[PDB]
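Asks: One structure follows; several queries about it will come next.
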Ligand SMILES: CC(=O)N[C@@H]1[C@@H](O[C@@H]2O[C@@H](C)[C@@H](O)[C@@H](O)[C@@H]2O)[C@H](O[C@@H]2O[C@H](CO)[C@H](O)[C@H](O)[C@H]2O[C@@H]2O[C@@H](C)[C@@H](O)[C@@H](O)[C@@H]2O)[C@@H](CO)O[C@@H]1O
Ligand SMILES: CC(=O)N[C@@H]1[C@@H](O[C@@H]2O[C@@H](C)[C@@H](O)[C@@H](O)[C@@H]2O)[C@H](O[C@@H]2O[C@H](CO)[C@H](O)[C@H](O)[C@H]2O[C@@H]2O[C@@H](C)[C@@H](O)[C@@H](O)[C@@H]2O)[C@@H](CO)O[C@@H]1O
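Residue numbers (the entry's author numbering), protein chains in the order written: chain A, 3 to 451; chain B, 3 to 451.
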């Protein structure tokens, strides 16, 4: 047996890493006020998306490869998009659905139909609530917690009653009240109702912020941190790269809007395909999920251009992965045992993996059997045994000279590394630094479309 | 009052950093044999450029903003491109210029005319020389040394007899003799003849390899290293990022070819303008020089496409820097003294700088006086006092919300950081990690053409 190394991921964490793509939905009063942050003074009468079709949101996301939908149900403005018992500042007083509307239910029904996992974003900062004050913070915490209970205990919310992620945004305006949150009590309730449901927060939960809203994970990206170096004043580079000596497994989730803003603005356009592809390689291609925000318009529909762009992005990915040019390639180099043999890297069996306790550097050489043309290499670690690799490089033989293809720090769950398009038959993967004996589950090669 | 921090750059190091752009020329038997490496078996009869014109090489490089030209005078194949006294394997037995050719002379004459600084590449690995053998190590070292003297002592070579850089490539083929080099003796002779002349080597000299041939400097890029971690087995990431605790100032030179290969190949084309721009931002824009290789063809001329590409590249840079949108902006934040005032960051005077010993984070806010449109910020440290900054980020105010523009690790001699195109009047530069109290000499803003 190989012993584990470092902090190990939970099954829910591994599941998210495997899923890769999640969608965010920011929609609410801000959409009608053409703004990014609201004050809590917005008029509920303005909230009337009469053409809203939550099933279309879910259908398009499902068809374009998203595996989770994180819905904003209360942004910083404090307007609640389901009929909570706990405030009057909700859809109950809006004309939408004649006051009888429940956006969390509408989305949940569609998600259940499509087997789309659900997340829920409930803003800690609340610019509306009279309880949002240091002098009333116990009451505000009870309000927040009561809403968690309403959302997470109702079998009609979630994907068949299940939530996969809870989002606790760390943002608060200059000159807001400095309310402190009862995080542990909140986390306890989340477990009680939803088990190992992932939580995004400023604290030492299973998901952290990557430290930017550009969709950019660092290299290295260690999916681990020490919770005592988080909080609202966590260093951006600490979030972006993680901690080589981290004590908990932590996914640095890469959130980014398809538009400049999180909410829909008529005068904005979605990112180009080119732009989304760069994001993809720097998020999913660095071993962390991409959480891409798609904001419905004032009608309650995704914008036509955004929809087109999501199908274009899905096509791109489907084409990228159409053929693994490394499948069945002969692999040589050191290997711990037959059970961890080199051939496990290209055998297309996800139940087989390679490992070596040899001295570094470790050099794996692939022979594709004939010259093939590629510009992407994919490597994967076995994170059930912990993240280990800290430096590697790749070379390709060109006219009898071993030339560089590219280099990196970490591998993680999955690392895509691009290089110049090359026609080659022999490739070397060289592991040069690792915290423990390296394991890899797969080496793949692709040509970008 | 301010004490220096860390290893300080030499005058020659600072001059190169200020110059930013160097050209490389790989030309020789390999050009005629359509290969990247040679064996020393190449036939000197075949070395016969129809129309070589070094003045044209120099003219174009000068007009396109290059400040130094590093010329290969002997590649791994061992063929010497000046009439050396120390081997018969040279242009003396070539039909070029009826056996009387001297490529170093032709280049130096033109370089002297155009005041183009000169570098020389003399390959340590020599596949031809009968002295290149462990049994004949001292004889090979004496051969290499004698050639350094031929090159570096002759007033007709260099820019008016001066060389700015000597290049000692670390590459050697796997099969080759394991000759060791008399580095210290070589460096002493280089100092005797050429003073502070920069040296690129695998050892602890003034220039190191960045660790790839893609034109990519890391972030961070510490322009310093510990010589005990260099040699041929230096880790690539160590070269690419430098050493936060480095003991010598070291420029990680970013060398890259305009083509896939270093030598000219008929079937290859130059990089796009877009590709060169990306390289630029990741080399010069991360505080290190770009050394761009332009290989003459079999006629001894630069390819017409390569030339056009060099002009397009120069045009781009000229446009980019045409207007500094931050000039004269009001700058607020902590400052060490009147001598180090905030206003020095945008006063246009290269002799005024800012510093602060305030507790981190240090926040500098610029007010441009009116909304301006930009997508690049430039920061510079004062490396005469040592490299210090280890983390910073930049924010811009958009509709009363402070939004991120971008973040990084190091600044160094010069850091360009691109962000989404924004129209803003107010920007914040926030320094969050620094090895000693931070200094900056300038903040500039540009719009990419
Ligand atoms: C309008 C806008 O761009 N605001 C950002 C703010 O984004 C927040 O998160 C996004 C997803 C969206 O819901 C926004 O409306 C919301 O304000 C950024 O806040 C960070 O957001 C990330 C998620 O991307 C985390 O939630 C993180 O904890 C937030 O940073 C915290 O709060 C900031 C105000 C700072 O105090 C920061 O140091 C904290 O960690 C902030 C990022 O600076 O930038 C705009 O405010
Ligand atoms: C054909 C080719 O691409 N060769 C590279 C080789 O490039 C060398 O340098 C360039 C500029 C050109 O003159 C090539 O003909 C020449 O072989 C690379 O060698 C590294 O080169 C850099 C400069 O870019 C430094 O000179 C560095 O010291 C070299 O690496 C050393 O030698 C290698 C063979 C490895 O042992 C390496 O770890 C050493 O540092 C190498 C890079 O691996 O790749 C091709 O051979």
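C-beta atoms are modelled at their ideal positions from N, C-alpha and C, and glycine is treated no differently.
Under the DSSP definition of a beta bridge, which residues are partnered with residue 317 of chain A?
Replies: Per DSSP, residue 317 of chain A has no beta bridge partner at all.
Asks: Buried or exposed: which applies to residue 108 of chain B, given that a residue is buried once 16 or more other Cβ atoms fall within 10 Å of its Cβ?
Replies: With 16 or more Cβ atoms within 10 Å of its Cβ, residue 108 of chain B is classed as buried.
Asks: Do residue 263 of chain A and ligand 2 come close, with the Cβ less than 7 Å from some heavy atom?
Replies: Outside the cutoff, so no.
Asks: Does the Cβ of residue 306 of chain A have 16 or more other Cβ atoms within 10 Å, making it buried, or fewer, making it exposed?
Replies: By the 10 Å Cβ count, residue 306 of chain A comes out exposed.
Asks: If we count the other Cβ atoms within 10 Å of its Cβ and call it buried at 16 or more, is residue 351 of chain B buried or exposed?
Replies: Under this definition residue 351 of chain B is an exposed residue.
Asks: Just the Cα atoms here: how many angstroms apart are residue 444 of chain A and residue 292 of chain A?
Replies: 21 Å
Asks: CA-CA distance, residue 446 of chain A and residue 413 of chain B?
Replies: 36 Å
Asks: Give me the Cα-Cα distance between residue 37 of chain A and residue 144 of chain A, rounded to the nearest whole angstrom.
Replies: 29 Å
Asks: By DSSP's criteria, residue 170 of chain B is part of a beta bridge. Which residues make up the other side?
Replies: The partner list for residue 170 of chain B (beta bridge, DSSP) is empty, contrary to what the question assumes.
Asks: Along the segment 162 to 177 of chain A, where does the CB come closer than 7 Å to a CB of chain B? Name the residues.
Replies: none
Asks: Excluding sequence positions up to five away, which residues of its chain have a Cβ less than 6 Å from the Cβ of residue 416 of chain B?
Replies: The residues 289 and 382, in chain order, have a CB closer than 6 Å to that of residue 416 of chain B in the same chain once the five nearest residues on each side in sequence are set aside.
Asks: Nearest chain A C-beta to residue 403 of chain B closer than 8 Å, yes or no?
Replies: yes
Asks: Below 9 Å between beta carbons is the criterion; list the residues of the segment 403 to 435 of chain A that meet it against any residue of chain B, in chain order.
Replies: If the cut-off is 9 Å between Cβ atoms, the segment 403 to 435 of chain A has 403, 404, 405, 406, 408, 409, 410, 411, 421, 422, 424, 434 and 435 near chain B.
Asks: Considering only residues of the same chain and omitting the five flanking positions on each side of residue 278 of chain B, which have a CB-CB separation below 6 Å?
Replies: So the qualifying residues of the chain are 315.
Asks: Pairing CB atoms from the segment 64 to 74 of chain B with CB atoms from the segment 102 to 119 of chain B, are three or more of them under 8 Å?
Replies: yes
Asks: Could you spell out where the alpha helix (DSSP H) holding residue 20 of chain A opens and where it closes?
Replies: 13 to 21
Asks: Hey, is residue 39 of chain B's beta-carbon within less than 8 Å of any beta-carbon in chain A?
Replies: yes
Asks: Anyone know if the C-beta pair for residue 432 of chain A and residue 407 of chain A falls short of 8 Å?
Replies: no
Asks: For the segment 171 to 184 of chain B against the segment 216 to 224 of chain B, do three or more pairs of beta-carbon atoms, one drawn from each stretch, fall closer than 8 Å, so that the two count as touching?
Replies: Touching, no, given that fewer than three Cβ pairs across the two stretches are closer than 8 Å.
Asks: Would residue 14 of chain B and residue 198 of chain B be called neighbours here (beta carbons separated by less than 8 Å)?
Replies: Cβ distance < 8 Å, so residue 14 of chain B and residue 198 of chain B count as in contact.
Asks: Using beta-carbon positions only, say whether residue 214 of chain B and residue 232 of chain B come within less than 8 Å of one another.
Replies: no
Asks: Give the residues of chain A in contact with residue 267 of chain B, contact being defined as C-beta atoms less than 9 Å apart.
Replies: The contacting residues do not exist; residue 267 of chain B stays about 10 Å from chain A at best.
Asks: Use the C-beta contact count for residue 196 of chain A: other C-beta atoms within 10 angstroms, 16 or more gives buried, fewer gives exposed.
Replies: buried
Asks: Could you name the residues of chain A that residue 238 of chain B contacts, counting a contact when the two beta carbons are closer than 8 Å?
Replies: 393, 395, 409 and 434
Asks: Might you give, ordered along the chain, the residues of its own chain that have their beta carbon closer than 6 Å to the beta carbon of residue 54 of chain B, omitting 5 neighbours on each side?
Replies: 302
Asks: Is the Cβ-Cβ distance between residue 116 of chain B and residue 167 of chain B less than 8 Å?
Replies: Contact: no.
Asks: Can we count residue 37 of chain B as close to ligand 2, meaning its CB is less than 7 Å from some heavy atom?
Replies: no
Asks: How is residue 92 of chain B classed by DSSP in three states: helix, strand or coil?
Replies: Collapsing the DSSP output to three states places residue 92 of chain B in a strand.
Asks: Quick check on this structure: which residue in A:200, A:86 and A:16 has the alpha carbon closest to the alpha carbon of residue 153 of chain A?
Replies: A:86
Asks: Indicate whether residue 78 of chain A and residue 39 of chain A have their beta-carbon atoms separated by less than 8 Å.
Replies: yes
Asks: Within 7 Å: the Cβ of residue 234 of chain B and any heavy atom of ligand 2?
Replies: Within the cutoff, so yes.
Asks: Going by C-alpha distance, which of A:328, A:47 and A:261 is nearest residue 299 of chain A?
Replies: Comparing alpha carbon positions, the residue from A:328, A:47 and A:261 closest to residue 299 of chain A is A:261.
Asks: If you follow the alpha helix (DSSP H) that residue 81 of chain A is part of, which residue opens it and which one closes it?
Replies: Where residue 81 of chain A is concerned, there is no enclosing alpha helix (DSSP H), given that its DSSP letter is neither H nor E.
Asks: Note down, in chain order, all residues in the segment 191 to 218 of chain A with a beta-carbon under 8 Å from any beta-carbon belonging to chain B.
Replies: 213, 214, 215 and 216
Asks: Nearest to residue 174 of chain B by CA position, among A:83, A:19, A:405 and A:425, is which residue?
Replies: A:405
Asks: Check for me: the alpha helix (DSSP H) holding residue 149 of chain A runs from which residue to which?
Replies: Counting along the chain, the alpha helix (DSSP H) containing residue 149 of chain A begins and ends at 139 to 154.
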